[PDB]
Structure formats: structure tokens, C-alpha cells
């Protein structure tokens, strides 16, 4: 039947129908809609500008390029995280400010469905919207799914610390995409007055940053951070960002005479030269050469004065953030496998860890955990000191890193959000998907990213899910879309999910799903005391 054609502010777009067996209404899919002007040439390291209007009908049936990034790490992460049966290879380009739309609405009728805007993870250095197929979630839960892209790495986050390159270009792109959704999603059957932003890892940190940003006012109405938050420190630069900028400029062949000189020089480099620079910097890899206090594993969020006016901690203390319903979740083993072993090349192949090697490694982990050298012994002893079994010590070390990067920051964010009067919900996800890499030990459960397969309905798109895994995905999708509808995940036939209030109820999600109380309470107390120094 006739492919769907939709009028947007800037012109008409042509999509395609895709049926999911068992659902009468095919899903209308629109791939590669631009939400900004391509940030090329002089527009590099500047805020996104509106897309230019087009005559006639734009064909939105091909996946867009992904933003320039390490193609090997980008393809690997896509393969590890995709919910599709086969991973789709993607082109690289600086021309990447696109979004993809999956709408289950019958576009010949009138519809105002809740909108779910996905912000992908990747450390702010890698990733793509097209990795995530919105078909199953859209059809199963009657929501419009929008997957967005945003500038990454040098292109998205290069900052001189001053007005010549403030930084946070990729977060400004996320804001631009949400403004586009406000202005256009009703033409796709979506309700611009019910937009939920959700994301995982750096995407969850981005959601948290948008909750803290005045630029995102009135652009969304619920938020979900999965395994990432603004207090995940490795993603937020405090203090002097000039050394990293100078290192990047020097690696690219640029002089560092002034900030304006550095930025102008970098704007003259080709995409290929800046990718060469990216690869020479060896981001996302644990840096084992030199003082770990000088390690820079990624270019990330800064306090730029436009998107973020103060540090997340200061904004939280001032209660200066958007008090929307907010779901904050973590996985049982955030540092269990994928980040250390696939993304960061951790020296941990051997599977036993003695306490001296653990202390040395935790010092090398400074860019991730920020533990002063004098505090390494106490932190290591707290986690590892209770056993002499060095296999158990390795597992407990992985727990330590997971608590510092994800668990404690997540609970602190949730507590501060709750204390501003906003409806707050928390979860801890514990499941080992059958879609896990064959390289992943069978004992790793609730690894970073494991909930994605449930959220995005992989059991309905990939082969070989058990019946338990199918049930888990339907329940998770319903909770998520109930939250998008109502700011409360609860509903008929679902386990009760208590609000994260003074009792600190949270939902343990897995093969058995049930409410629990006080997530990470002792750990928060320990690490808050330790970091108070």
C-alpha cells in the first residue's frame, strides 16, 4: 500500500511501512530526518542551527551516517547493543544531525501518542541512533519512538574553557532535536505535551544533564536515566579543561598560542585529520602510561555557562533543575564485563586479583573513580579485605568500580530529585540476556547494557529468546511506556513499583521482580564519607 508521507515544518518526508507479525497496523518508519543544519566547516564547534527547508518530498528511508568516531569501537558497540537480528553497518560523517522515527499511529487518522526520545550511549565518543530499532517498543506499547544523534568526541565536546569554544556541542544537539520534536512530532501522531527522554550510559548522563539545563525547559515531561547520571564523574569535566584542549590541538598539528588560534586551526582540519587525531589520543582505553591524574579517557560535558551554569552538585544543592517524574536505574554488575573488557581494555584477563595489584589498578583507574592516592588503601580494604580468595577479590573490585561510577551517583541523584518534591523511581536490573556476547562469562549477570534488550524488545526481533526473556521484555516495555504515559510505571497486571520516597522503595527487575528498599544505602554512606576526605 501507499508509503506514508508527512508534512513537517521544513518540508514533506516519505517513510516506509514495516509490519510486526500479530499487529494489524504497520509501523511507519522515517529514517534520517535532519533536525539541524549539517555542522560543517565554520559551523564546527558552534551551536546547531535550524535545518534549511526543502522543496518536494524528502526520502527518509535510508539510515543516516553516524557521527565521526572510532569506526572499530563504534561498530563493536553497535553489535553489542543492537536489538536487531543483524547489526547494520553505518557510514561515518560530520553530517550526522539526524533522527529516526517509529510511529505505530495510523497516520490517516488523528493521534496524540506519548513520545519516547532515545539518547544513545557510547561515552560521548561513539554510538549511533540506528543501532536501536524502535519497531517492537512502538508496536507493543503504542508509543512514538524517536532515536536521536548528536555530535561526539572532538566534534561534540571540544572545549577551550572560554568563549572561543565553550563546549557541550553534542548536548546542544540533543536540545535541538527535542525542539524539533516539539515543533513536528504531532505530524507523526505524537503528543508534544508528553515527551519522555530516555537513555543509557552516556545517554543516561545526557538525560540527567538535560534535567539540569535551563535550555531544556518545557522540552520534556518525564525522564529515564539507565546506568548513567550527571554525577557519573568520568563524563563531567570540572576545573581546568585547557590541558586536554592543548593536547588535542598539538596532536592535530595546531599551535596553542591562544584559544581562538587553537579553535580556528582545528576548524581548518579535514574530517579525516580529526579522526586521525581521535585515534592517536586513544580515548575510551585505560591509560597505563604516566601519572593517572593526567589521563583523559574521553571528551565530555563541561560547565560551559550556556547549557550548564554550575556543577551538577551545586545545581542539586540549589534545587535548580526540572522537577519532572524521573526514573533512575542501575544494573547489578555495571562494571562486570563490557566496559572493562570490551571498551576499555582493562588489564583483568587473569581472573584473580591480589590486593596490591588491586590498589595499583585502582590508582590507575583515577580518571574513572577519582580516588586520591592516600585513600586507595582504605577503599580497597573496604571492598576486598573481607576475604583471602583472590577470585572473589577480583569480583569485589569490579563491584567497587561499579558503585563509584554508577550506583552511588545514581542514588544521590535520585535522593536529590526526590527531595525537590519530584516523583522519583529507582530500579536495579538483574538478568543475563541470551543475546549476550559469546565472549562474556556465564557468571556475569546484569552487565552494563543488559536492560537494553528488554527495553527495546529484542526478544521480538532477534532469534532464540527463552519464554522467561520474552515475558521480561513485555513487562519492562510496559513499565517504561506506562511511565511515559503517566509519570508512574504502575498498571494492571504488573508488580507494584513503589515511589522512591523517604522509605527509598525501588524495583528489583529480573526473572523475579519485586519491590525492595534502600538501594546502595551503606555504599552511599561509605563513599560520601570517604570523598569528604
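Positions refer to the first chain, counted from 1.
**Q** Which wins on mean Cα temperature factor, 419 to 427 or 324 to 332?
**A** Result of the comparison: 419 to 427.
**Q** Pick between 367 to 375 and 74 to 82: the one whose mean CA B-factor in the entry is higher.
**A** Stretch with the greater average CA B-factor: 367 to 375.
**Q** Checking the record values for 285, 159, 196, 149, which has the greatest CA B factor?
**A** Highest C-alpha B-factor among the listed options: 285.
**Q** Based on what the PDB entry reports, which of 305, 290, 204, 457 has the top C-alpha B-factor?
**A** Within the set 305, 290, 204, 457, 290 shows the top C-alpha B-factor.
**Q** Looking at the entry's B-factor column for C-alpha atoms only, identify whether residue 60 ranks in the lowest, middle or highest third of its chain.
**A** Ranked within chain, residue 60 CA B lands in the middle tercile.
**Q** Ranked by Cα temperature factor within the chain, is residue 398 in the lowest third, the middle third or the highest third?
**A** Its C-alpha B-factor, which the entry lists for residue 398, ranks in the highest third among residues of this chain.
**Q** Sorting the chain's CA B-factors, does residue 346 end up in the lowest, middle or highest third?
**A** As the PDB entry reports it, the C-alpha B-factor of residue 346 lands in the highest third of its chain.
**Q** Taking the entry's C-alpha B-factors for this chain, is residue 509 in the lowest, middle or highest third?
**A** Lowest third of the chain for residue 509's C-alpha B-factor.
**Q** Residue 449: which third of its chain by C-alpha temperature factor?
**A** It falls in the bottom third of the chain.
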